[PDB]
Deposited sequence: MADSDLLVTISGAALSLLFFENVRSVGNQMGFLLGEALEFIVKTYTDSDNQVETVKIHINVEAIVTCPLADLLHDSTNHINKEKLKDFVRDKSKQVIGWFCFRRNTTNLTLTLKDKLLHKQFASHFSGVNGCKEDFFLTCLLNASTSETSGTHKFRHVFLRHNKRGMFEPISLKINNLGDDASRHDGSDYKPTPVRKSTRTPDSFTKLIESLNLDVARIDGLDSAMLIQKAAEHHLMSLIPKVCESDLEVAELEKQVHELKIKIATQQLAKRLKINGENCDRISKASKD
């Protein structure tokens, strides 16, 4: 069958972007799908990115031109989209949602991108009790099978259990090196030698992860500064245009 997998890291970042969001939020899911014979398919979402829906419209019609301008080369990695709504504990697909999933699914589908049968819509909501002492976060992954959407299972890969266990052995998949694969090859490694390889990878990873913290901070400041400038400039000329 089918299965959506994701790490605690990636999931935590998505939830982070949702909660810090001023209003409701939309964005795209990045990752890759693999097939495993036993045929089952794992769709792993590696990362997310937020984008203003009002920056992709002409009406309810999506502007496929402005969409390409935004995603910009990273369209290949796109495997779905997500929509975050507030307070509404409702977790059902609206009409506008299905229309957006169809539009998005067709645009990123094809030989170059992902499979249309495997394009995901991720719905997320955030409610709160009257006292606001308890916060409820609900989410679900969906796909368009017949002609009726069905919820697809989600496995959050963790130390206790992960999608790879279906035996203890990691089954090989059928059929663009990431940054971690790059770091591995960087060590030029070649069993008791399996241990030495493991320890070296651990140290390399630790050191590499620590040099990213300062880079991540500077990127967050750059993008957060530009956001503020654009938001105010819009308001500036909006108040001007409203005067003349």
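Residues of the deposited sequence missing from the coordinate set occupy positions 1-4, 43-54, 75-76, 164, 186-187, 197-200, 216-217, 272-289.
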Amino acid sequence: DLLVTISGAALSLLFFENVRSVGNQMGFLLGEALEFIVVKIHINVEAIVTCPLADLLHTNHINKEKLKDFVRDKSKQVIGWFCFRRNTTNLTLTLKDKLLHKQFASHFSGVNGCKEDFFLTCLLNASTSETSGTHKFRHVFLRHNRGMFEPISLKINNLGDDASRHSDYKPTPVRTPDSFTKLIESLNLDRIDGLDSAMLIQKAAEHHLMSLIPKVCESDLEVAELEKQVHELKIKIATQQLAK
From here on, numbers count along this sequence of modelled residues.
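Taking the PDB entry as given, 193-201 carries the higher mean Cα B factor of the two stretches 193-201 and 41-49.
Of the two segments examined, 204-212 and 63-71, it is 63-71 that shows the higher average Cα temperature factor in the deposited entry.
Within the listed group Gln77, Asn157, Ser153, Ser106, the record reports its top CA B-factor for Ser106.
Highest C-alpha temperature factor among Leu29, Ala33, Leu57, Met26, as the PDB entry reports it: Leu57. In the PDB entry, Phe149 places in the highest third of its chain by CA B-factor. When the modelled residues of the chain are ordered by C-alpha B-factor, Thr239 sits in the middle third. Looking at the C-alpha B-factors along this chain, the one for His166 belongs to the highest third.
Among all modelled residues in its chain, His135 ranks in the middle third by Cα B-factor. In the deposited entry, the Cα temperature factor of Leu95 sits in the top third of values across the chain's modelled residues.
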